[PDB]
Amino acid sequence: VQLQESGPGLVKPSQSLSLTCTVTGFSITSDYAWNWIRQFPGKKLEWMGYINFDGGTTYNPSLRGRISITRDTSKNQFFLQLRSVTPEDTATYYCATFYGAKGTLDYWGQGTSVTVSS
Amino acid sequence: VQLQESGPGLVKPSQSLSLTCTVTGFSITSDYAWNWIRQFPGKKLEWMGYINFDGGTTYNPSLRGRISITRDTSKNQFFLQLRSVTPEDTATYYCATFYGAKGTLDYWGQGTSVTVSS
Amino acid sequence: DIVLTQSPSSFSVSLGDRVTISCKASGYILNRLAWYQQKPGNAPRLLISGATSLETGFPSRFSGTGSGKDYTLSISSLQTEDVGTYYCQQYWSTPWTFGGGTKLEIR
Amino acid sequence: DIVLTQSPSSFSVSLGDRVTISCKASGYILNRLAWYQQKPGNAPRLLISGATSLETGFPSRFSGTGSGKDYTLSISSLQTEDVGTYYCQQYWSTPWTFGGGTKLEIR
Amino acid sequence: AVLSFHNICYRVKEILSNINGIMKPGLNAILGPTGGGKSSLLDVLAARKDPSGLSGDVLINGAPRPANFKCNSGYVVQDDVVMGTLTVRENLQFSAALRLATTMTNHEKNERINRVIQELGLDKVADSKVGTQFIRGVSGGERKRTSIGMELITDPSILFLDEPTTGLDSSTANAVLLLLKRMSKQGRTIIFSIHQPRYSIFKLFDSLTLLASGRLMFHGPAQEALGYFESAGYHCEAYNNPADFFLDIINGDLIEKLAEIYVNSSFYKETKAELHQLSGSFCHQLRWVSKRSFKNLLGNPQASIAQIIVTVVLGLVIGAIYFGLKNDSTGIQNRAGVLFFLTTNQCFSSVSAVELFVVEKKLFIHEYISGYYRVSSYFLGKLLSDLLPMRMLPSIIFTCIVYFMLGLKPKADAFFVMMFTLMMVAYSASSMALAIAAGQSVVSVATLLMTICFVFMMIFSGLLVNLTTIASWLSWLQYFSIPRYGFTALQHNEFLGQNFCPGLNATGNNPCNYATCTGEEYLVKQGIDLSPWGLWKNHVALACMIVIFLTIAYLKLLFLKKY
Amino acid sequence: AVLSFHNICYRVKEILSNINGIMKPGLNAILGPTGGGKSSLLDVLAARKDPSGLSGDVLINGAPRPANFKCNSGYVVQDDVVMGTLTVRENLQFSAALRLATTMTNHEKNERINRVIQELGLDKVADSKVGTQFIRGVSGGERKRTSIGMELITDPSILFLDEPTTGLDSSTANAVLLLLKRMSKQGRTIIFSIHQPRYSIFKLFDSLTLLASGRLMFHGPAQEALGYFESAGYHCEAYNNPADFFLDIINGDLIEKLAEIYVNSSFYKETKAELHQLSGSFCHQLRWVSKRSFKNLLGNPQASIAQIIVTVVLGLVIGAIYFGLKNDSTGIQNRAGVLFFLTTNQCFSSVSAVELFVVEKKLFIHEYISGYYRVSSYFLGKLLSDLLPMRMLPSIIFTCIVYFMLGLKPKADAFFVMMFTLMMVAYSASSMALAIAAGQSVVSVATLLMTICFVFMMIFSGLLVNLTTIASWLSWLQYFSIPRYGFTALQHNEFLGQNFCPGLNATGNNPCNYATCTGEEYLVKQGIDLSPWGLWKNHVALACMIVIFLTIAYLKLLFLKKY
Ligand SMILES: CC[C@@]1(O)C(=O)OCc2c1cc1n(c2=O)Cc2cc3c(CN(C)C)c(O)ccc3nc2-1
């Protein structure tokens with residue numbers, strides 16, 4: 001119900017990326033699936049992958065082996081670990097909340113931007 | 001949403017029975033399934049059978065060949081035709097409205113009683 | 001079919017009491033267990049759907065706690081307007097058998 | 001996968017106009033067609049689910065009328081607060097591709 | 001009319017060196033062991049082998065063998081190549097149709113048979129059915145006569161027989177050989193080969209030849225064999241069979257020594273001074289081929305009716321199991337299951353086609369080398385005779401029975417779409433079986449292949465695995481499966497107007513997905529088109545597969561090693 | 001040691017009237033046509049027929065046949081009853097184990113074979129494999145010798161042979177008959193029957209008998225047959241086989257006339273003055289029966305390895321098609337499809353079980369009438385030899401391959417529950433097939449039946465039709481189906497902790513039903529128990545079905561008409 005990101009707004013290319021979405025007003029182990037989105041400059045949205053409420057996860061097949069989503073259940077966090085980051089995917093990142101029965105991206109984060117340069 | 005029965009509150013045994021449920025506030029061709037219930041003296045409820053929104057129908061297997069449900073769609077009516085009526089099933093009859101997705105008897109009639117004697 | 005045995009066919013309780021109405025099923029219903037409430041001279045008003053949910057138009061006192069076959073209803077601190085005839089229904093199969101229907105009393 | 005071609009990549013409309021945004025699908029979605037609305041500097045607020053429903057927090061002007069592949073959104077007599085970037089999404093398959101996203105303008 | 005030959009080397013491996021001799025108008029006999037060339041030389045003189053494998057010449061009355069030689073001579077195969085399911089009159093009318101001239105009268109076709117069946121002594125069994133395992137018929141001793149009559153239509157002067165005695169009893173075979181002796185004086189040159197002969201047979205010959213391990217040991221008239229092997233160093237003991245004493249020489253009471261004796265044989269020297277004097281219509285072809293297999297089809301209830309009984313009973317059992325498929329949450333499973341089953345059954349019953357051709361393979365070989373038909377005439381006739389009726393019927397028995405009992409979509413066109421789709425899938429599975437069976441005499445092999453094959457195809461039919469959820473380097477295999485197209489067509493035919501969530505109209509909106517609350521949602525989730533082309537795309541795929549597999553069968557029957 | 005008999009009437013239909021004679025220690029021959037009693041009298045003297053069908057007596061050295069007669073005499077069947085997949089040394093050690101005394105030494109079991117294999121001339125092929133179609137081995141002329149050695153272990157004085165010449169070449173059979181002639185003087189009474197004999201065979205006999213259409217025509221020594229039929233009115237012509245001239249009398253160059261000649265035969269009168277002077281351990285049994293079929297199992301890659309390779313491929317193909325079953329809306333279809341496909345596969349390989357008993361039927365009949373084993377010893381040994389290993393392996397090959405590729409429930413116990421369930425369903429389908437195929441020599445019959453039963457069982461297994469939605473007078477048939485219990489157990493084993501609506505936790509509440517959003521909802525909707533007894537109820541049902549079908553097989557093998 002209430003999401004928010006907090007992470008580095010910059011990174012060296014081809015190493016890694018870490019983002020963290022802390023969920024309040026609701027427990028990420030209770031009901032929903034939790035996914036990430038990125039929106040490039042020259043705005044085009046691109047859903048990245050969701051972690052289920054029970055740790056299971058499915059990732060966007062364009063991002064294979066590069067994205068991983070972990071979770072720390074004891075404080076309602078889920079982590080975006082994006083490795084071997086090219087300078088091209090310097091998009092604005094979001095965490096979002098998916099109902100499953102309603103089927104839509106019901107809730108969204110605030111919006112964190114990642115710039116991949118040197 | 002608004003149901004009501006109107007029929008004979010008495011019948012000779014072993015001939016027939018006619019009840020009519022006129023639905024207002026909603027059209028019986030739109031969404032729901034429409035079923036009948038009867039509650040005996042010495043109250044025990046007994047669901048009888050439903051006619052779907054598209055004319056299809058399924059009846060309680062204890063009442064085989066005896067109950068039939070027809071419908072007049074041009075005025076939102078569905079008809080309970082109960083034949084070879086024994087004097088034992090002199091129950092209080094109802095028409096009710098079933099959601100399908102919620103799964104429960106969401107709406108009910110007002111209550112018509114049928115006494116099968118001579 | 002599926003017969004719903006409300007083994008406590010009646011009760012004798014007082015106001016402000018937590019009463020627990022059982023509804024033993026003859027098969028797995030999987031939370032497809034409705035609760036009605038027939039005041040004398042009326043049609044059964046729907047009380048609880050899904051065996052754990054609630055229907056708008058009631059206090060937060062009626063609460064179903066069921067699992068598997070042993071479904072039950074809890075009425076914590078019942079009121080004067082809550083004596084009736086509670087029927088449990090399975091809407092799992094097609095022949096929607098109801099329960100026998102318990103009936104609360106006042107000692 | 002399923003690509004959602006918003007063939008009208010932009011528009012140039014005026015206030016009080018009925019604008020019709022198409023969203024051509026590359027496959028049958030069966031009313032699994034969401035509509036968002038990204039104001040600049042914000043996340044996409046959900047506008048329409050199910051391609052015909054509506055989301056609480058909007059006037060009764062946005063209305064989706066879609067069938068098969070040719071889903072569309074109708075904005076009858078749009079307001080000043082409704083210029084944005086409308087993205088249509090399919091939530092039928094797993095790779096939830098969005099639309100290109102049209103962008104309204106004022107002449 | 002005489003046969004003659006000289007310096008024959010036959011390899012694939014030379015089980016021969018060279019055979020020299022002539023055959024007079026009379027009774028020519030070839031004897032020896034099975035490992036010898038007694039069965040290969042006869043195929044050489046009847047031109048039943050590869051000419052490239054042949055080395056020497058075949059000179060007839062001062063003329064080589066033309067293309068017309070096979071069309072005016074008759075070779076009889078050792079097993080019963082006759083139609084025991086038919087009668088002698090019918091089968092001899094068949095052999096008269098494809099050998100006599102088109103100009104010749106049907107009265108002449110009535111008479112020339114009666115010049116032969118009267119000669120064979122088969123006037124008693126003219127209309128009597130010849131005989132099957134499941135239909136009692138004439139004794140086999142006259143099945144041999146039936147085949148011989150089949151090879152005497154246009155009055156061939158040159159007769160060839162593949163082991164006229166094996167397969168018959170002693171006095172049974174004597175009646176065949178006395179008939180041939182009657183043919184031995186009517187200007188008919190009979191050339192044959194007998195394993196383990198007898199002196200009753202040996203006392204009526206005119207010319208004799210012995211082969212052993214590809215080596216020639218005798219040539220000339222039959223009487224002098226006993227006269228020659230006395231000079232070889234032996235003596236026929238008291239009360240021994242001369243034809244068995246001729247094999248007493250062979251296996252040591254060595255081969256090179258006896259052959260060297262034959263090189264210095266005066267019987268060979270006269271032949272050396274003889275040989276070097278010598279060496280120095282389609283519509284009609286389809287009018288009667290269809291009829292013969294048609295009467296084979298009628299004359300076998302245990303294969304024709306017995307596959308209808310299974311069809312009727314299984315038509316009724318499936319009619320009782322399902323019986324009015326409900327439009328509830330279980331309706332999808334039942335409709336897909338039955339469509340599944342009907343399609344799988346068609347496919348798997350069509351592994352019986354391998355029977356048609358595999359059993360009729362040897363008859364096909366002999367009849368085409370005789371020249372009864374063009375290969376396409378056989379191929380457009382037998383498919384008209386067995387592929388057409390035996391697969392139109394079950395596609396109608398299933399269709400008429402299980403349609404209205406189950407309550408499948410109550411429209412006029414859908415009934416016939418299902419009828420035609422089952423017909424096409426029956427044809428297509430049979431056509432595959434036809435492609436995988438053509439040119440194979442083994443049954444257990446092919447049937448084994450067809451069986452795995454369909455078992456893989458069903459995995460791609462769409463029920464046992466969802467075709468959209470396969471790795472993309474396997475999703476190209478979903479096109480090589482016959483049970484996919486018919487099953488897709490049936491799912492398209494039936495799941496259009498249906499609904500399966502009672503009380504929940506889903507065609508306007510489907511709240512709470514993962515539900516499959518209409519026929520289209522199940523149909524799309526399987527990866528099946530909803531446009532009306534999506535139905536008949538399967539049919540054109542199946543029609544192309546029929547044509548392709550029948551062409552592969554046609555080429556296998558054309559490029560087959562007939563020799 | 002002599003045989004004797006008198007006034008034998010044998011019916012089911014009397015194809016006999018009465019046969020009189022004695023057989024001296026020597027070489028006793030029975031000749032005639034196949035329709036005659038030449039094959040039935042030999043089964044009479046070897047006690048291979050129904051005693052109630054027998055009428056007369058069998059008197060041996062002034063004593064009737066005891067129960068010990070079959071345990072000290074040897075009858076050899078016409079076809080190769082030897083284990084061509086094994087070698088002579090191994091097979092003769094088998095026949096030494098079950099016939100020699102338990103007290104006798106293994107050194108004596110080493111020596112007594114070497115007193116016989118040395119006699120047969122089989123010292124070259126002692127360890128050489130005898131021969132199969134797919135494994136090159138010894139020539140058949142010594143397969144005959146191999147069987148004879150199998151029937152010479154405990155030194156039986158009375159030998160019986162079913163057609164010692166049929167199935168062999170001429171000089172091939174002479175080497176068998178000269179070996180028997182060597183046995184003709186070592187105090188071994190050989191009694192046999194030959195179809196179409198030869199004078200080389202005829203010149204070495206000691207006593208002779210002729211049968212024709214159930215009528216006796218000769219008795220006495222073999223030389224005088226030619227001497228007697230001269231007085232019948234015939235004369236053996238110049239250079240004719242005497243043994244073939246003896247059948248020249250039979251079929252008209254009538255039967256009652258020749259029999260009346262035999263009634264007034266002096267050869268019969270001496271026999272009339274002779275006959276009326278006459279008429280006036282289990283652990284060891286399982287120690288070696290298991291080994292023999294075990295070496296049959298090793299000595300046939302085309303049936304043992306060829307049924308592994310396939311399992312291995314399919315386990316890999318099924319491992320590639322599914323490969324990590326997703327927990328989405330398509331997961332139910334894939335898991336149920338694969339579980340269905342596995343259960344079905346096991347049932348279908350079970351259909352080759354018939355090939356075990358149907359092929360080994362004639363060997364079983366001969367070996368039990370010889371008395372090599374109790375029927376339960378055969379039944380507890382062969383199942384230990386072929387039913388056990390050939391079905392433990394594929395239930396492990398499938399289990400090891402397709403479990404972790406597909407990602408079936410990642411627990412330790414569920415892996416072994418699936419392993420054991422596939423093992424049990426393999427056993428149960430094999431047990432049913434074994435009961436159907438017990439006591440049937442035909443393959444095409446049963447194989448057709450087992451396929452029919454299975455195609456009906458599968459219609460009830462639970463995938464092609466929902467078992468709760470069947471009319472209540474058919475829902476009792478869902479208990480007679482092996483593919484139901486194994487498939488139910490697999491669905492119970494795998495669908496417990498699963499979920500199939502991603503993003504929708506359903507175990508607390510399932511809003512919007514008709515969804516099947518957890519494993520239990522699918523499992524209950526199929527009519528399958530959720531209690532842990534619901535899993536092992538299937539296993540105890542399958543264990544009871546194994547025991548029942550093996551008992552039906554045991555009774556069919558016990559109450560079989562061995563005669
Ligand atoms: C799934 C199709 C079906 O069950 C059906 O509903 O229609 C009939 C039929 C079926 C499967 C099989 N058969 C049939 O006649 C024969 C068959 C042989 C199979 C063999 C070879 N047998 C000789 C054991 C295998 O090795 C593996 C799977 C096999 N599956 C089958």
# chains A, B, ... in the order shown; residues from 1 in each chain; ligands from 1

call {"tool": "residues_near_ligand", "arguments": {"ligand": "ligand 1", "cutoff": "6 Å", "atoms": "only C-alpha atoms and all ligand atoms", "output": "JSON, numbers by chain"}}
result
{"E": [341, 344, 345, 348, 451], "F": [345, 348, 349, 351, 352, 451, 455]}

call {"tool": "write_last_selection", "arguments": {"atoms": "N, CA and C atoms", "output": "compact mmCIF listing (two decimals), in the first residue's frame"}}
result
# COMPACT_ATOMS: atom_id res chain seq x y z
N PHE E 341 -9.99 -38.24 -26.90
CA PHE E 341 -10.09 -39.66 -27.15
C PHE E 341 -10.54 -39.98 -28.56
N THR E 344 -7.46 -39.51 -30.74
CA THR E 344 -6.44 -40.47 -30.52
C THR E 344 -6.87 -41.81 -31.02
N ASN E 345 -8.15 -42.13 -31.02
CA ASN E 345 -8.55 -43.48 -31.38
C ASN E 345 -8.45 -43.58 -32.85
N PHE E 348 -4.82 -44.09 -33.67
CA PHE E 348 -4.27 -45.39 -33.32
C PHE E 348 -4.93 -46.59 -34.02
N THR E 451 3.84 -46.83 -33.67
CA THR E 451 3.35 -46.65 -32.32
C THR E 451 4.06 -45.59 -31.49
N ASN F 345 2.46 -44.92 -19.42
CA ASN F 345 3.59 -45.55 -20.03
C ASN F 345 3.89 -46.84 -19.33
N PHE F 348 1.49 -49.49 -20.42
CA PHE F 348 1.78 -50.03 -21.72
C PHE F 348 3.03 -50.91 -21.86
N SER F 349 4.11 -50.59 -21.16
CA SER F 349 5.25 -51.55 -21.19
C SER F 349 4.82 -52.88 -20.47
N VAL F 351 2.42 -54.35 -21.10
CA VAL F 351 1.75 -55.18 -22.08
C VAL F 351 2.72 -56.08 -22.79
N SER F 352 4.01 -55.93 -22.58
CA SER F 352 4.98 -56.86 -23.16
C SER F 352 5.24 -58.00 -22.21
N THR F 451 -4.85 -54.35 -24.54
CA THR F 451 -4.99 -53.02 -25.00
C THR F 451 -6.40 -52.64 -24.77
N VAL F 455 -7.41 -49.22 -22.51
CA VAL F 455 -8.01 -48.08 -23.13
C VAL F 455 -9.28 -47.77 -22.43

call {"tool": "interface_residues", "arguments": {"of": "chain D", "to": "chain F", "cutoff": "12 Å", "atoms": "only C-alpha atoms", "output": "PyMOL selection string"}}
result
chain D and resi 92-94

call {"tool": "select_by_dssp", "arguments": {"residues": "chain B", "states": "strand (DSSP E)", "output": "PDB file with C-alpha atoms, in the first residue's frame"}}
result
ATOM      1  CA  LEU B  10     -53.307 -24.189  -2.171  1.00  0.00           C
ATOM      2  CA  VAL B  11     -53.590 -27.067  -4.633  1.00  0.00           C
ATOM      3  CA  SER B  18     -47.486 -23.008 -10.729  1.00  0.00           C
ATOM      4  CA  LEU B  19     -45.413 -20.204  -9.226  1.00  0.00           C
ATOM      5  CA  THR B  20     -44.074 -17.060 -10.883  1.00  0.00           C
ATOM      6  CA  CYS B  21     -41.179 -14.864  -9.726  1.00  0.00           C
ATOM      7  CA  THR B  22     -41.243 -11.353 -11.223  1.00  0.00           C
ATOM      8  CA  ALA B  33     -28.614 -17.522 -12.079  1.00  0.00           C
ATOM      9  CA  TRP B  34     -32.106 -17.773 -10.624  1.00  0.00           C
ATOM     10  CA  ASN B  35     -33.132 -20.663  -8.393  1.00  0.00           C
ATOM     11  CA  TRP B  36     -36.013 -21.827  -6.218  1.00  0.00           C
ATOM     12  CA  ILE B  37     -35.938 -22.973  -2.598  1.00  0.00           C
ATOM     13  CA  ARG B  38     -38.517 -24.599  -0.352  1.00  0.00           C
ATOM     14  CA  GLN B  39     -38.595 -24.763   3.440  1.00  0.00           C
ATOM     15  CA  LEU B  45     -34.353 -25.730   3.790  1.00  0.00           C
ATOM     16  CA  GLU B  46     -34.115 -27.504   0.442  1.00  0.00           C
ATOM     17  CA  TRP B  47     -32.724 -25.851  -2.682  1.00  0.00           C
ATOM     18  CA  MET B  48     -34.657 -26.956  -5.766  1.00  0.00           C
ATOM     19  CA  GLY B  49     -32.851 -25.828  -8.922  1.00  0.00           C
ATOM     20  CA  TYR B  50     -31.574 -22.843 -10.871  1.00  0.00           C
ATOM     21  CA  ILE B  51     -32.161 -21.503 -14.370  1.00  0.00           C
ATOM     22  CA  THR B  57     -30.950 -24.984 -16.010  1.00  0.00           C
ATOM     23  CA  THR B  58     -29.941 -27.563 -13.410  1.00  0.00           C
ATOM     24  CA  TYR B  59     -32.386 -29.134 -10.958  1.00  0.00           C
ATOM     25  CA  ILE B  67     -39.739 -29.714 -11.225  1.00  0.00           C
ATOM     26  CA  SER B  68     -39.339 -27.617 -14.343  1.00  0.00           C
ATOM     27  CA  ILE B  69     -38.303 -23.979 -14.629  1.00  0.00           C
ATOM     28  CA  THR B  70     -39.298 -21.917 -17.646  1.00  0.00           C
ATOM     29  CA  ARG B  71     -38.813 -18.230 -18.318  1.00  0.00           C
ATOM     30  CA  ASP B  72     -40.574 -15.349 -20.055  1.00  0.00           C
ATOM     31  CA  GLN B  77     -40.272 -13.789 -15.201  1.00  0.00           C
ATOM     32  CA  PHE B  78     -39.293 -17.345 -14.412  1.00  0.00           C
ATOM     33  CA  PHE B  79     -41.824 -20.063 -13.660  1.00  0.00           C
ATOM     34  CA  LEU B  80     -41.852 -22.992 -11.236  1.00  0.00           C
ATOM     35  CA  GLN B  81     -43.928 -25.872 -12.649  1.00  0.00           C
ATOM     36  CA  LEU B  82     -44.062 -28.734 -10.133  1.00  0.00           C
ATOM     37  CA  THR B  92     -42.964 -22.590   1.959  1.00  0.00           C
ATOM     38  CA  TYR B  93     -41.542 -21.672  -1.444  1.00  0.00           C
ATOM     39  CA  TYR B  94     -39.033 -18.957  -2.369  1.00  0.00           C
ATOM     40  CA  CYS B  95     -37.269 -17.624  -5.433  1.00  0.00           C
ATOM     41  CA  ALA B  96     -33.646 -16.599  -4.926  1.00  0.00           C
ATOM     42  CA  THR B  97     -30.728 -15.050  -6.786  1.00  0.00           C
ATOM     43  CA  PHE B  98     -27.231 -16.541  -7.005  1.00  0.00           C
ATOM     44  CA  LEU B 105     -27.741 -17.011  -2.334  1.00  0.00           C
ATOM     45  CA  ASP B 106     -27.356 -13.245  -2.350  1.00  0.00           C
ATOM     46  CA  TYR B 107     -31.009 -12.323  -2.814  1.00  0.00           C
ATOM     47  CA  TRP B 108     -34.298 -13.965  -1.867  1.00  0.00           C
ATOM     48  CA  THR B 112     -45.062 -18.118  -0.718  1.00  0.00           C
ATOM     49  CA  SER B 113     -46.632 -21.086   1.066  1.00  0.00           C
ATOM     50  CA  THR B 115     -50.607 -26.372   1.092  1.00  0.00           C
ATOM     51  CA  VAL B 116     -51.297 -29.661  -0.686  1.00  0.00           C
TER      52      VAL B 116
END

call {"tool": "closest_atom_pairs", "arguments": {"of": "chain E", "to": "chain F", "cutoff": "6 Å", "atoms": "only C-alpha atoms", "output": "Markdown table"}}
result
| residue | atom | partner | partner_atom | distance |
| --- | --- | --- | --- | --- |
| E:239 | CA | F:239 | CA | 5.0 |
| E:240 | CA | F:241 | CA | 5.1 |
| E:241 | CA | F:241 | CA | 4.7 |
| E:334 | CA | F:465 | CA | 5.1 |
| E:337 | CA | F:464 | CA | 4.2 |
| E:464 | CA | F:337 | CA | 4.2 |
| E:465 | CA | F:334 | CA | 5.2 |
| E:515 | CA | F:515 | CA | 4.9 |

call {"tool": "residues_around", "arguments": {"residues": "residue D:24", "least_positions_apart": "6", "cutoff": "12 Å", "atoms": "only C-alpha atoms", "output": "MDAnalysis selection string"}}
result
chainID D and resid 2:9 33 66:73 87:90 98:101

call {"tool": "calpha_fit_and_write", "arguments": {"fixed": "chain B", "moving": "chain A", "output": "short mmCIF file (atom, residue, chain, number, x, y, z; two decimals) with C-alpha atoms, in the first residue's frame"}}
result
data_model
loop_
_atom_site.label_atom_id
_atom_site.label_comp_id
_atom_site.auth_asym_id
_atom_site.auth_seq_id
_atom_site.Cartn_x
_atom_site.Cartn_y
_atom_site.Cartn_z
CA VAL A 1 -32.21 -7.41 -6.67
CA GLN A 2 -35.97 -7.30 -6.06
CA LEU A 3 -37.90 -10.58 -6.29
CA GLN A 4 -41.48 -11.51 -5.43
CA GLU A 5 -43.73 -14.54 -5.89
CA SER A 6 -47.43 -14.62 -6.69
CA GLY A 7 -49.33 -17.89 -6.96
CA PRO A 8 -51.94 -20.22 -5.50
CA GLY A 9 -51.50 -20.87 -1.80
CA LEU A 10 -53.31 -24.19 -2.17
CA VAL A 11 -53.59 -27.07 -4.63
CA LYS A 12 -55.30 -30.40 -5.11
CA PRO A 13 -52.86 -33.30 -4.70
CA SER A 14 -51.13 -35.08 -7.56
CA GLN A 15 -51.96 -32.61 -10.36
CA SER A 16 -49.51 -29.69 -10.67
CA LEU A 17 -48.21 -26.42 -9.22
CA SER A 18 -47.49 -23.01 -10.73
CA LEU A 19 -45.41 -20.20 -9.22
CA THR A 20 -44.07 -17.06 -10.88
CA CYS A 21 -41.18 -14.86 -9.73
CA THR A 22 -41.24 -11.35 -11.22
CA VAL A 23 -37.85 -9.64 -10.97
CA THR A 24 -37.56 -5.84 -10.81
CA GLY A 25 -34.51 -3.64 -10.35
CA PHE A 26 -32.56 -6.02 -12.60
CA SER A 27 -33.00 -8.08 -15.76
CA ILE A 28 -32.91 -11.87 -15.47
CA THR A 29 -31.20 -12.06 -18.87
CA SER A 30 -28.30 -9.87 -17.73
CA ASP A 31 -26.04 -11.59 -15.20
CA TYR A 32 -27.20 -14.05 -12.58
CA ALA A 33 -28.61 -17.52 -12.08
CA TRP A 34 -32.11 -17.77 -10.62
CA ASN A 35 -33.13 -20.66 -8.39
CA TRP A 36 -36.01 -21.83 -6.22
CA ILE A 37 -35.94 -22.97 -2.60
CA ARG A 38 -38.52 -24.60 -0.35
CA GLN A 39 -38.59 -24.76 3.44
CA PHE A 40 -40.78 -27.42 5.01
CA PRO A 41 -42.78 -27.03 8.19
CA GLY A 42 -40.47 -28.39 10.80
CA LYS A 43 -38.04 -26.02 9.18
CA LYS A 44 -35.49 -27.62 6.86
CA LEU A 45 -34.35 -25.73 3.79
CA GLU A 46 -34.12 -27.50 0.44
CA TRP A 47 -32.72 -25.85 -2.68
CA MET A 48 -34.66 -26.96 -5.77
CA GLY A 49 -32.85 -25.83 -8.92
CA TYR A 50 -31.57 -22.84 -10.87
CA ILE A 51 -32.16 -21.50 -14.37
CA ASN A 52 -29.08 -19.81 -15.78
CA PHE A 53 -29.17 -16.34 -17.32
CA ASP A 54 -29.11 -17.96 -20.79
CA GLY A 55 -31.99 -20.40 -20.30
CA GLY A 56 -29.84 -23.32 -19.21
CA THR A 57 -30.95 -24.98 -16.01
CA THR A 58 -29.94 -27.56 -13.41
CA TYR A 59 -32.39 -29.13 -10.96
CA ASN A 60 -31.95 -30.81 -7.58
CA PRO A 61 -31.54 -34.55 -8.32
CA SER A 62 -34.05 -35.47 -5.60
CA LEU A 63 -36.64 -33.65 -7.75
CA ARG A 64 -36.23 -35.38 -11.12
CA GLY A 65 -38.98 -35.07 -13.71
CA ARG A 66 -41.22 -33.22 -11.22
CA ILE A 67 -39.74 -29.71 -11.22
CA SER A 68 -39.34 -27.62 -14.34
CA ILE A 69 -38.30 -23.98 -14.63
CA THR A 70 -39.30 -21.92 -17.65
CA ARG A 71 -38.81 -18.23 -18.32
CA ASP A 72 -40.57 -15.35 -20.06
CA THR A 73 -37.71 -12.97 -20.81
CA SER A 74 -39.85 -10.16 -22.25
CA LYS A 75 -41.11 -9.24 -18.76
CA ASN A 76 -38.40 -10.76 -16.50
CA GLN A 77 -40.27 -13.79 -15.20
CA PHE A 78 -39.29 -17.35 -14.41
CA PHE A 79 -41.82 -20.06 -13.66
CA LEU A 80 -41.85 -22.99 -11.24
CA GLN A 81 -43.93 -25.87 -12.65
CA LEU A 82 -44.06 -28.73 -10.13
CA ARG A 83 -46.07 -31.75 -11.28
CA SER A 84 -47.57 -34.79 -9.54
CA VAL A 85 -47.40 -32.93 -6.24
CA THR A 86 -47.58 -35.21 -3.21
CA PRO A 87 -49.29 -33.86 -0.07
CA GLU A 88 -45.98 -34.24 1.80
CA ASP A 89 -44.09 -31.41 0.05
CA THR A 90 -46.38 -28.69 1.39
CA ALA A 91 -43.45 -26.35 2.02
CA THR A 92 -42.97 -22.59 1.96
CA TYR A 93 -41.54 -21.67 -1.44
CA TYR A 94 -39.03 -18.96 -2.37
CA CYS A 95 -37.27 -17.62 -5.43
CA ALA A 96 -33.65 -16.60 -4.93
CA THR A 97 -30.73 -15.05 -6.79
CA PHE A 98 -27.23 -16.54 -7.01
CA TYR A 99 -24.11 -14.54 -7.87
CA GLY A 100 -21.87 -17.22 -9.37
CA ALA A 101 -18.64 -15.45 -8.41
CA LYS A 102 -19.56 -14.66 -4.81
CA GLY A 103 -21.22 -18.08 -4.78
CA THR A 104 -23.98 -17.44 -2.23
CA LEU A 105 -27.74 -17.01 -2.33
CA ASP A 106 -27.36 -13.24 -2.35
CA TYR A 107 -31.01 -12.32 -2.81
CA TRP A 108 -34.30 -13.97 -1.87
CA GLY A 109 -38.00 -13.71 -2.58
CA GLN A 110 -40.68 -12.80 -0.08
CA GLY A 111 -42.07 -16.25 0.70
CA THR A 112 -45.06 -18.12 -0.72
CA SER A 113 -46.63 -21.09 1.07
CA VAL A 114 -48.20 -24.05 -0.73
CA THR A 115 -50.61 -26.37 1.09
CA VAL A 116 -51.30 -29.66 -0.69
CA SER A 117 -54.59 -31.01 0.66
CA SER A 118 -58.16 -31.72 -0.42
#
